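*Asks:* First the structure, then my questions, so here it is.
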Amino acid sequence: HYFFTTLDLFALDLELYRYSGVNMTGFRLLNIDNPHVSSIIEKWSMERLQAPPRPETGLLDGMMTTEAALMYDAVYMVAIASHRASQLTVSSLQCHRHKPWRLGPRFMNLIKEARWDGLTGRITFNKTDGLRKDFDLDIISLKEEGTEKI
Amino acid sequence: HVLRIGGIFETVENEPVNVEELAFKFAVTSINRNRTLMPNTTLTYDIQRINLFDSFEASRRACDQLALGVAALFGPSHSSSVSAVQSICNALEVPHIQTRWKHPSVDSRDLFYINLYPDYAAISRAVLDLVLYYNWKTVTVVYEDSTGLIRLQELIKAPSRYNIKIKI
Amino acid sequence: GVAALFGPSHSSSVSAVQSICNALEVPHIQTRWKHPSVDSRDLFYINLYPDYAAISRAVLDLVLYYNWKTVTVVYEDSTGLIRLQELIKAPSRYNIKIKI
Amino acid sequence: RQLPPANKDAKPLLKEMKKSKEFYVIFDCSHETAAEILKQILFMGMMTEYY
């Protein structure tokens with residue numbers, strides 16, 4: 001019984017291992033059961049196929065990597081915040097004189113207390129730390145029909 | 001009407017184009033597709049591609065970006081670089097949005113970063129809860145590097161509380 | 001116009017000045033033990049703290065000299081967990097009923 | 001037993017053989033179907049020290 005705590009197990013070609021009989025529990029951050037999320041990951045795999053592809057740069061079967069999903073969620077998070085914001089301009093800052101942003105803590109709060117359902121499930125933030133606290137880790141397991149959520 | 005963000009991406013060479021950068025450009029193009037997300041503003045992006053393991057270059061690009069005008073930075077992959085860019089953004093009060101989890105030296109008191117990667121303590125608690133569900137008795141923990149021991153902290157320390165023998 | 005820098009005593013504050021000393025080619029002299037950076041391609045830093053791998057080999061050698069059969073590793077921070085790695089892996093090689 | 005003639009995937013045969021606990025197996029094959037049945041016996045996970 002193998003148990004991979006990597007959040008990318010789903011993106012692994014497990015057919016040979018599948019026909020063996022291993023209990024092969026893992027993890028999955030992506031709620032690909034959602035129709036919108038499955039359409040987004042299919043659109044991303046379609047966009048990554050019209051480019052000259054990179055096979056054997058890993059053992060992905062043509063899926064979205066977790067780092068790609070989190071970056072997608074990041075740009076959607078700042079987009080949700082800017083949509084919910086006031087007239088948020090942008091000030092050209094410096095580094096030799098670190099003048100603080102006059103929109104700074106306002107827009108950082110409007111980022112942090114903003115919830116959104118992205119490709120990794122719910123995106124919520126406990127505003128005392130900045131870490132991602134409420135999140136659903138789906139459990140996948142390898143059976144004869146592939147990788148199924150248990 | 002514009003809103004400009006910035007992204008600092010580490011790449012070894014240009015043959016392996018960054019999937020982080022590709023997802024970044026994919027996400028900003030889908031935001032420019034969707035006109036239900038404040039359509040009067042257009043969200044544009046400013047990329048800076050740096051070499052791998054260069055906190056100094058990451059700092060230079062962050063400085064140049066904040067001199068150009070950036071509303072939010074998406075930092076690099078390496079931990080020292082993303083902590084340096086996080087401290088730059090925390091001093092400058094611009095938000096920093098990182099997607100890679102970092103080594104547990106987070107006691108630097110910051111409130112201008114969000115780490116979309118799940119908490120390495122919560123992943124260990126999930127692994128412990130799943131092993132307590134499966135009722136295993138002998139578990140062979142196999143890691144790859146010290147980040148792995150930090151991420152399996154709770155599972156390895158779990159045996160004194162619950163009856164499980166652990167070989168590491 | 002400094003000849004060589006003596007940096008601060010925490011990991012995030014020292015990994016910025018180490019990269020500054022690497023890019024400006026002045027000798028950085030670290031004193032506290034820094035968290036293990038995965039590059040190891042920075043060249044212009046020297047460090048006087050003995051590394052946690054050799055400290056862990058020392059505690060494994062001294063446990064094996066004392067012939068303890070079951071120990072109780074107690075840490076207070078993950079830097080310490082990274083350090084005690086040799087002792088934690090030791091049950092596979094030598095008979096030690098470890099417990100963390 | 002006899003491996004199936006047309007559908008060269010003998011995975012139901014190997015599954016029944018694994019289910020009824022037959023570890024000492026003699027194959028009478030040609031080398032081509034021997035290599036294909038070695039691939040199929042690897043995919044069934046029956047390449048252990050028991051078999």
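Each chain in the structure tokens gets a letter, A, B and so on, in the order shown; residues start at 1 in every chain, and ligands are counted from 1 in the order they appear.
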For chain C, report every residue with an atom at most 8 Å from chain B (counting only C-alpha atoms), formatted as an MDAnalysis selection string.
*Replies:* chainID C and resid 11:12 15:16 19:20 23 37 39 78 81:82 88:89 91:92 99:100
*Asks:* Please check the contacts: residues of chain D at most 9 Å away from chain A, using only C-alpha atoms, listed as a ChimeraX atom specification.
*Replies:* /D:11,42-46
*Asks:* Counting only C-alpha atoms, which residues of chain A come no farther than 7 Å from chain B, as a ChimeraX atom specification?
*Replies:* /A:67-68,70-72,74-76,83,90-95,98-101,104-105,108,129-132
*Asks:* To one decimal place, how far is CA of residue 52 (chain C) from CA of residue 26 (chain C) in Å?
*Replies:* 25.6 Å
